[PDB]
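Listed below are the residues making up each chain.
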Amino acid sequence: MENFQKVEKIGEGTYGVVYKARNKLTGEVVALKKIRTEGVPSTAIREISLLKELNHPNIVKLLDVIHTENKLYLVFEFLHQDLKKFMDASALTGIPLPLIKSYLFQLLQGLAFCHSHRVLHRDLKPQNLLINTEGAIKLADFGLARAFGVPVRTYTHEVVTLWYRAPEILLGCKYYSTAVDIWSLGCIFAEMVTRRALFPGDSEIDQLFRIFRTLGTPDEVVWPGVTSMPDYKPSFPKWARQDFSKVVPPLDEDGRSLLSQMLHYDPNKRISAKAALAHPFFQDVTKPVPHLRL
Ligand SMILES: Cc1nc(C)c(-c2ccnc(Nc3ccc(N(C)C)cc3)n2)s1
């Protein structure tokens, strides 16, 4: 739009490229997401528009949705840093535990809010988790999946990450729930603690087999109905489960306990965002300040 001046390519999401822009009028700076051209589906517009109402302290506010020349522009509140970069910058030392815990608690609140309104993210990842100098962390691109859909190949000619995708999605379940966001957050939680991706799969089956190698191949005992999933193959190699003490050290037992409940195979046994908030892991939760470099 003519009311925005692109300052820099802040990223390239699934539905489109994201830019840091300057409203030539208001003078406010925002992150402008342009989504590519038959005229854009009406259903999407109406769905995306509803998102303008779901406002929460831990959800990146969607200021306006601009649909001109039959193109889509999502105007979001701008934040100075994503979790990915912050992590890379913390690589040598690592993010302090008090901060990791504050971030998880805030993300969980955001999720609780979204899940209570029957809205899920479906594609949580370090790249759409934004932080500010205030010690707050926010979820970006919420509800955009129900608007369109994330494939395995992107227009940016790059590659879609499956590292945080819940097993029910990889196994073909087409009617997944809020539980998929909990799984992703769990994978992110573990990544913050170890400074290494939990399940860095390079393909769908490679992704599924890395999960299996660590948590063990799911069966009807631990996941009733798993063998009935569309893509479940009786020929899946049978891997034994591995202790969480080796999965995410030196995370304390409360943290390990919580992560374990966030990583349960059965979506129904997977702890909810609301319940996660009552976990003893957050008994001593605080809100530290990140040492950000901008
Ligand atoms: C994918 C994304 N989708 C949305 C809606 C994003 C967003 C929203 C608000 N601020 C920022 N800020 C921001 C993003 C990246 C960086 N980098 C330095 C990579 C700095 C600030 N990013 S990111």
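Residues numbered from 1 in each chain as written, not as in the entry; some residues may be left out. Heavy atoms only, no water.

Per the deposited record, determination of this structure is attributed to X-ray crystallography, with the resolution reported as 2.30 Å.

Draft legend 1. Focus on the sheet that holds strand β8 (residues 137-139). Taken together, three strands build an open sheet; the order of strands is β6-β7-β8 and the sheet is antiparallel. One side of each edge strand has no neighbouring strand; the edge strands of this open sheet are β6 (81-82) and β8. As defined by bridge partners, β6 adjoins strand β7 (residues 129-131) across two bridges and the pair is classed as antiparallel. Bridge pairing links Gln-81 to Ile-131 in β7. (Pairing = 2+ DSSP bridges. Helix = DSSP H or I, 4+ residues; strand = E, 2+ residues; numbered from the N terminus.)

Draft legend 2. A look at the packing of aromatic side chains. Taken as a whole and judged by the stated rule, the model has 14 aromatic pairs. Summarising the aromatic geometry, the rings of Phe-212 and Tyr-265 are spaced 6.4 Å apart at their centres and angled 65° between planes, so their arrangement reads as edge-to-face. Highlighted residues: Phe-212 in helix α6 (residues 204-215) and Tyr-265 in the loop between α8 (253-262) and α9 (273-277), separated in sequence by 53 residues. For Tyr-265, a relative accessible area of 6% translates into the label buried. The ring of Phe-281 has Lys-101 sitting right over it, with the charged end atom 4.3 Å from the ring centre. (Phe/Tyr/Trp six-rings, centres within 6.5 Å; stacked < 30°, edge-to-face > 60°. Buried < 20%, exposed > 50% of the residue type's maximum accessible area, 1.4 Å probe, protein only. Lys NZ or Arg CZ within 6 Å of the ring centre and 35° of its normal.)

Draft legend 3. Structural view of the nonpolar core. Residues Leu-83, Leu-104, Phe-189 and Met-262 are the most contacted members of the largest nonpolar core, which totals 85 residues. Looking at which element gives the most residues to this core, the answer is helix α5 (residues 179-194), with ten residues. Both domains that meet at this core, namely domain 1 (1-80) and domain 2 (81-293), each give it at least three residues. Sequence-distant contacts of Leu-104, that is, excluding residues within four places in its chain, are made with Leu-185, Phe-189, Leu-258, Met-262, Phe-281 and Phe-282. By size, the runner-up hydrophobic cluster in this structure holds seven residues, among which are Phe-4, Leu-32, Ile-66 and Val-75. (Core = buried A, V, L, I, M, F, W, Y, C linked by side-chain atoms within 4.5 Å. Domains from an automatic or database assignment. Contact = heavy atoms within 4.5 Å.)

Draft legend 4. Expanded view of the site of the ligand. Looking at the ligand, there are 13 residues lining it, with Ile-10, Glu-77, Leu-79, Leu-130 and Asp-141 nearest. Between the ligand and the protein, one listed contact pairs a nitrogen atom with a backbone N or O atom of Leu-79 at 2.7 Å. The protein chains hide 86% of the 540 Å² of surface that the ligand would expose on its own. When we break the shell around the ligand down by domain, the ones giving at least three residues each are domain 1 (1-80) and domain 2 (81-293). (Near = heavy atom within 4 Å. Polar contact = N/O pair within 3.5 Å; in protein donor to acceptor, adjacent residues only side chain to side chain. Areas by Shrake-Rupley, 256 points an atom, 1.4 Å probe, with all protein chains shown as cover.)

Draft legend 5. Here's a closer look at the pairing of strand β5 (residues 71-77). Here β5 lies mainly inside the structure; six of its seven residues are buried. When strand β3 (residues 29-35) meets β5, the two strands line up antiparallel, connected through six bridges. Its bridge partner being in β5, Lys-33 is matched across the sheet by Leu-74. Where strand β4 (residues 62-68) lies against β5, six bridges are found, and the strand directions are antiparallel. Across the sheet, the residue bridging to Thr-68 is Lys-71, located in β5. Two successive antiparallel strands, β4 and β5, enclose a turn made up of two residues, where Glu-69 displays a positive phi of approximately 55°.

Draft legend 6. Representation of the side chain of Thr-154 in the model. Relative to the helices and strands, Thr-154 is located in the loop between β8 and α4 (167-170). We classify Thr-154 as buried; its relative accessible area is 11%. Not counting residues within four places of it along the chain, the set of residues in contact with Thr-154 comprises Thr-14, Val-159 and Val-160.

Draft legend 7. Seen up close, unusual backbone geometry. The peptide bond linking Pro-249 to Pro-250 adopts the cis configuration, its omega dihedral lying at 0°. The residue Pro-250 is located in the loop between α7 (244-247) and α8 in this model. If you check the backbone angles, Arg-122 has positive phi at about 80° while not being a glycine. The residue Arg-122 is located in the loop between α3 (97-116) and β7 in this model. With a phi close to 70°, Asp-141 is a non-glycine residue in the positive phi region. Tracing the sequence through the fold places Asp-141 in the loop between β8 and α4.

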